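Colleague:
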Amino acid sequence: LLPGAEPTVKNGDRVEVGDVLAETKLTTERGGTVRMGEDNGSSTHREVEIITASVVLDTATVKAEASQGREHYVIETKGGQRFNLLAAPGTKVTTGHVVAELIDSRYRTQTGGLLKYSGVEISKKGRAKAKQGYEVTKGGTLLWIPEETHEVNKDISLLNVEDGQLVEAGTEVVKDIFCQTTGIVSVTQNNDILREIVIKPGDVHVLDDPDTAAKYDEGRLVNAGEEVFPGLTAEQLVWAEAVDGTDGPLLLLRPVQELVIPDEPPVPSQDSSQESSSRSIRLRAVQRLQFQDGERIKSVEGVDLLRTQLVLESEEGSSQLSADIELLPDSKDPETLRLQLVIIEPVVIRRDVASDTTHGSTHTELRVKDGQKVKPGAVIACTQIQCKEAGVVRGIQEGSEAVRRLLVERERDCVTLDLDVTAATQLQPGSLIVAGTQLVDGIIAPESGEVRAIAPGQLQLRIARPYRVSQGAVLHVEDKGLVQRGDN
Amino acid sequence: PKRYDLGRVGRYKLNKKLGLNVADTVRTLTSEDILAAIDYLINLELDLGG
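Heads up: the sequence lines are chains Z and C, in that order. Mapping to the deposited numbering: the first sequence position 463 is 952, numbers consecutive. Mapping to the deposited numbering: the second sequence position 5 is 255, numbers consecutive.
(1) Can the beta-carbon of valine 551/Z be found closer than 9 Å to that of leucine 574/Z?
(2) According to the neighbour-count rule (16 or more other Cβ atoms, all chains shown, within 10 Å of its Cβ), is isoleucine 874/Z buried or exposed?
(3) Among the residues of its own chain, which have a CB less than 6 Å from the CB of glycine 691/Z, if the five just before and after it don't count?
(4) Within 10 Å of its beta-carbon, does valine 868/Z have 16 or more other beta-carbons around it, so buried, or fewer, so exposed?
(5) Just confirm the distance between the C-beta atoms of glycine 672/Z and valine 656/Z, as a whole number of angstroms; I'd bet it's less than 8 Å.
(6) Can you list, in chain order, the stretches of the alpha helix (DSSP H) that have 4 or more residues and sit fully within the region 738-804 of chain Z?
(7) Can we say the region 643-658 of chain Z touches the region 745-765 of chain Z, given the rule of at least three CB pairs closer than 8 Å?
(8) Examine chain Z for any beta-carbon lying closer than 9 Å to the beta-carbon of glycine 269/C, and answer yes or no.
(9) Which residue from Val693/Z, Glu730/Z, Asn642/Z puts its Cα closest to that of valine 711/Z?
(10) Which class does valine 545/Z belong to by DSSP, given the choice of helix, strand or coil?
(11) Tell me, please, which residues DSSP counts as bridged to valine 881/Z.
(12) Just checking: is the beta-carbon of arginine 957/Z within a distance shorter than 9 Å of some beta-carbon in chain C?
(13) If the cut-off is 9 Å on Cβ atoms, which residues from the region 282-299 of chain C count as contacting chain Z, listed in chain order?
(14) Quick one: residues in its chain with C-beta nearer than 7 Å to the C-beta of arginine 684/Z, no 5 flanking neighbours on either side, listed in chain order?
(15) Under 9 Å between C-beta atoms, does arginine 893/Z make it to chain C?
(16) Who are residue 978/Z's beta bridge partners in DSSP?
(17) Can you tell me which of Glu936/Z, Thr914/Z, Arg941/Z, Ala942/Z puts its alpha carbon nearest to the alpha carbon of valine 929/Z?
(18) Tell me the residue span of the alpha helix (DSSP H) that contains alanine 286/C.
(19) Going along the chain, which residues of its own chain have a beta-carbon closer than 7 Å to the beta-carbon of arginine 777/Z, five neighbours each way excluded?
(20) Can you name, in chain order, every residue of its own chain whose Cβ lies under 7 Å from the Cβ of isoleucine 952/Z, other than the five neighbours on each side?
(21) Can you list the residues of chain C that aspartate 976/Z reaches, using a CB-CB cut of under 9 Å?
(22) Evaluate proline 699/Z with the Cβ neighbour count: other Cβ atoms within 10 Å of its Cβ, from every protein chain shown; 16 or more gives buried, anything less gives exposed.
(23) Less than 9 Å separating the beta-carbons of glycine 931/Z and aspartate 909/Z?
(24) Taking the C-alpha atoms as reference points, what is the distance between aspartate 274/C and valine 259/C?
(25) Quick one: list the residues of chain C neighbouring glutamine 973/Z, beta-carbon separation under 8 Å, in chain order.
(26) Do the region 852-869 of chain Z and the region 496-506 of chain Z meet, that is, are 3 or more Cβ pairs less than 8 Å apart?
(27) Between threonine 278/C and the rest of its own chain, which residues show a CB-CB distance below 7 Å, the 5 nearest in sequence each way excluded?
(28) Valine 687/Z and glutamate 640/Z - do their beta-carbons sit closer together than 9 Å?
(29) Just reading off the beta strand (DSSP E) that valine 509/Z is part of, what are its end residues?
(30) Please name the residue or residues paired with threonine 905/Z in a DSSP beta bridge.
(31) Quick check: the Cα distance between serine 543/Z and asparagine 529/Z, rounded to an integer number of angstroms?
(32) Confirm, please, whether the CB-CB distance from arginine 773/Z to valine 545/Z is below 9 Å.
(33) What is the DSSP secondary structure of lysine 552/Z, counted as helix, strand or coil?
(34) Do the CB positions of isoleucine 540/Z and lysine 862/Z come within less than 9 Å of each other?
(35) What residue range is occupied by the uninterrupted beta strand (DSSP E) comprising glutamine 875/Z?
(36) Check the C-beta distance from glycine 602/Z over to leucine 632/Z and give it rounded, since I have them as a contact under 8 Å.
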């Protein structure tokens, strides 16, 4: 009994061919009823998991086309927008990976807004240690600066600038058409060095009071409603820029463009059957902050500012992977694609052997191995050992969990011989006789064995073999032990 | 196959001893050979008798 099955038969029990001898106790958490949870090519749903919570989200039908790139296609989600499926199998995804990003085509902040420390409101959060910047639930109001001023050090030695007042397009952007109608920058310089050069087209606003106007009090204090003077043009906005740069008090009237934000977007339904051991594998609704100074590219090129990322801390101590399963998503009855996020629950099973001279036959037990719902103990044990002959069971020991072998005494293990009557008092049951010896006045003993049943005409013996052990030898066996052929 | 060679005799003896059925044109070590060698060592330790 190498695997370790506990015996089911005891000493002095008659057994026939096919009778079991021992069974295992292979159990795991959440055992119970199968409820269509068969494995190993038995039911349609081959992949078997915890099958206790079954975290599933629907309405995630996707295609598998090879056009417009290699895996790019339109996804008709709840918002009707192309969701970037950056968490694909085989890509070595991580917990809190950057997959929650959407497509930013026309609502991307071109100039964007830098991070300040003036009017940030906090209640319990901050930037202590690694907090991934300032995360705010209310949403801080940061001033939008449309400054297209970059350190484009033009070579004034070759393309000298005479006046450069008409700064509309650029100096040497590509060949001729820089940004708009031909306009040469003034390449603003400093005392033997260079400085910030304004590339934005701007506007001539040298009229009066750039920073000390009626509306410009206590810093900027730009008001969308009220203008710099009652009666000014308020067709779109009146927002202005305080920074002038060079060339006198140039006000640089700059309207501020912000996101539409019509209302709250439809929140995805992210509440599945999270009743089994508080197993919640869902996405949050946070955006954090990932571009302070260096992560944001300080250049003309613009990227998706305020990257969309949700931090997941569900099931602490087991969220290290958080990849769940990314297998081909299909519904139960139909084949509608979804996004399943169930945790893997592998099952370990073995095979069976036919028979052998050492160990007995192994057959798949008709147990409740197919069942795992709620309670601890899944009894998936499927190991059985059956006899091949008929006899009595021996070898059971009182030792604690130290049973590795069994003995079956068959009928061929006994010998009945009709020699003569013993007529002696030295032949009690259990006596040992060694080959040819003088038992009675006549008839020597032909064989050696253990006396079992004496008769006036017959004699019963158990086949036995003695070995001589000299003094000082090393013993490899115990007293009431069991050995196989060829053992030392 | 420039610094290691088994030979026909070596492959034949390995197949005979460990009871494998690898093709006769393979003259480099494989993973099955190592696994079978470790299995034979373990079985010999535990006194199989064969």
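All C-beta atoms in this analysis are idealised placements derived from N, C-alpha and C, irrespective of residue type, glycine included.
Modeller: Concretely, from the data shown:
(1) Contact flag set, yes.
(2) Buried.
(3) Cβ within range, chain order: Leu741.
(4) Under this definition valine 868/Z is a buried residue.
(5) Rounded to the nearest angstrom, the Cβ distance from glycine 672/Z to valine 656/Z is 6 Å, consistent with a contact under 8 Å.
(6) Segments of the alpha helix (DSSP H) lying fully in the region 738-804 of chain Z: there are none.
(7) No, the region 643-658 of chain Z does not touch the region 745-765 of chain Z.
(8) Chain Z contact via Cβ: absent.
(9) Measuring from the Cα of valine 711/Z, the nearest candidate turns out to be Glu730/Z.
(10) In the structure shown, the three-state DSSP call for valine 545/Z is coil.
(11) Within the DSSP bridge table, the entry for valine 881/Z names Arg503/Z, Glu898/Z as partners.
(12) No - not a single Cβ of chain C is within 9 Å of the one on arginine 957/Z.
(13) Within the region 282-299 of chain C, the qualifying residues are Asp297, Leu298, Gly299.
(14) For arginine 684/Z, where only same-chain residues beyond five positions count, the Cβ hits under 7 Å are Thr677, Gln678.
(15) It does not: the Cβ of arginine 893/Z has no partner Cβ on chain C nearer than 9 Å.
(16) Look at the range of chain Z in this structure, 490 to 977, and you will see that residue 978/Z is not part of it.
(17) Closest in C-alpha terms to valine 929/Z, from the list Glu936/Z, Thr914/Z, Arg941/Z, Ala942/Z, comes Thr914/Z.
(18) For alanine 286/C, the uninterrupted alpha helix (DSSP H) run begins and ends at 281-295, by DSSP.
(19) Once the five neighbours on either side are set aside, the close Cβ partners of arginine 777/Z are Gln621, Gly622, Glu624, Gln798, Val800.
(20) So the qualifying residues of the chain are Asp902, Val904, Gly938.
(21) In chain order: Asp297, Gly299.
(22) In this structure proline 699/Z is buried. Its beta-carbon is surrounded by 16 or more other beta-carbon atoms within 10 angstroms.
(23) Against a cut-off of 9 Å, the Cβ pair of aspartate 909/Z and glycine 931/Z comes out as a contact.
(24) Cα atoms of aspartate 274/C and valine 259/C: separation of roughly 10 Å, rounded to the nearest angstrom.
(25) Under the 8 Å cutoff, chain C gives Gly299.
(26) Verdict: no, contact absent.
(27) Hits under 7 Å: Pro251, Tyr254, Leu256.
(28) No, the pair does not count as a contact, with Cβ atoms beyond the cut-off.
(29) Counting along the chain, the beta strand (DSSP E) containing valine 509/Z begins and ends at 509-512.
(30) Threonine 905/Z is bridged to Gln949/Z.
(31) Their Cα atoms are separated by approximately 20 Å.
(32) No, Cβ-Cβ distance for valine 545/Z and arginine 773/Z is not below 9 Å.
(33) Assignment of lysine 552/Z by DSSP, reduced to helix, strand and coil, places it in the coil class.
(34) A distance below 9 Å separates the beta carbons of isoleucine 540/Z and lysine 862/Z.
(35) First-last of the beta strand (DSSP E) with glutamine 875/Z: 873-875.
(36) Yes, they are in contact, since the Cβ atoms of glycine 602/Z and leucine 632/Z sit about 7 Å apart, within 8 Å.
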